[PDB]
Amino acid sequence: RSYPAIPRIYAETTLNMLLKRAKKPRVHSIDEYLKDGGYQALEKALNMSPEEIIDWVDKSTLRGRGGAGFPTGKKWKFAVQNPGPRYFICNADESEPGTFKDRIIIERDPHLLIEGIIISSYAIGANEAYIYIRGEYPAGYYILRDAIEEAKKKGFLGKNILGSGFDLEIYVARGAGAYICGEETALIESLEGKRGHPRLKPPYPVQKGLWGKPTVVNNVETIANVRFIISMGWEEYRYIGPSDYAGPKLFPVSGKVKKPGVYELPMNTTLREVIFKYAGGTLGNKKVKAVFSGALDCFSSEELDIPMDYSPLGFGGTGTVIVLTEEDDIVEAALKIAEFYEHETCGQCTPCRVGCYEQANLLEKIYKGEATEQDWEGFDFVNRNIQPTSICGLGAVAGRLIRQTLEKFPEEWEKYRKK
């Protein structure tokens, strides 16, 4: 059919897995998907036991791609130790600044995701699955609904799928403007028809989730790997990239690079390579000043030789690379990060509610040269005191990037303080 206009995000791959089709900026429908061996991994999976599938996904070493890097197979194991019924949820809320990796799978190769959802759902014994897609991805929503209908027509969804006795329906839910609904418990609250307010954890969703039942939440990109684990087998999958951080990864790269876009690369790639080898270097060949890992971390130009993996000394996060160069004002950039957290705190926790607000309020005064001495000291204090009593990761990290800019770029901050 006709879908809403989508910008044609550049995509490039050295591995030809997740982006085999999605490197071309158009919808690949089920016939095209089937020509490339689509749904054959599902057929293989349905001839395996759920337990076997869990084992393979465990042994593959796949870790969550939604930011926290929790081992996927282990998550599934935790779920299936609890009585059913169980639910499977695909988190397509992707709303962190700089992050646009998930959308290109959804919009260009929806069947890769759907195939993964079906295999994953079978593995944990879920007969009901959800995709929760942010409200600002309307094209993704329509593309997914249509792709689900296609899968039904070909007998990959519904009752007694391919004679296996496994039943599955996938429901597509839409967000409506809240970044916090990407936090898995707020997502579930939203799926239940409520405000997106995170729950105290534990319990984790795998114990008590949607309607209080065992629920697995996984990110789009995580799920997009599942086809390959089953197709290739866990051993051959685990041989991709470095053995300690195996498998393909998507890197959304933006800001002051020549070739901004999504790169599918192994996780031994360095940050420097992402920028200069893959993304074409900087605009104007200006020097890199900083890389923002979404709204989470700020790396300086001294920190470009780190690996794009989940190691302590690695890039971490979701592999989101926002490049700032030498003329970009770090305080101005910091203000944009403060504004994000101001806008997205759900307000349940007092230090997060007031802290996200005051961090932005005071940083604006600083930026505009209107800050008193007390405003400066208050800003420092607030930045250090957003996390206390926080029940979700937003409160824990709302001050993190800004604090790193204060430590790594003191000279720039000092020019504002003398003003």
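Numbers follow the displayed sequence, beginning with 1.
Note on 62-70 vs 44-52: mean CA B-factor is higher in 44-52. Mean CA B-factor, 29-37 versus 355-363: the higher value falls on 29-37. In the deposited coordinates, the residue among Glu342, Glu94, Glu184, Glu326 with the greatest CA B-factor is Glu326. In the PDB entry, the Cα temperature factor peaks, among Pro312, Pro260, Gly319, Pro266, at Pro312. When the CA B factors of the chain's modelled residues are split into thirds, the value for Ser390 lands in the middle one. Annotation for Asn219: C-alpha temperature factor in the lowest third relative to the rest of the modelled chain, per the entry. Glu115: CA B factor lies in the lowest third for its chain, per the PDB record. Per-chain ranking of the deposited C-alpha B factor places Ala139 in the middle third. Placement of the Cα temperature factor of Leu157 within the chain: middle third of the modelled residues, per the deposited record.
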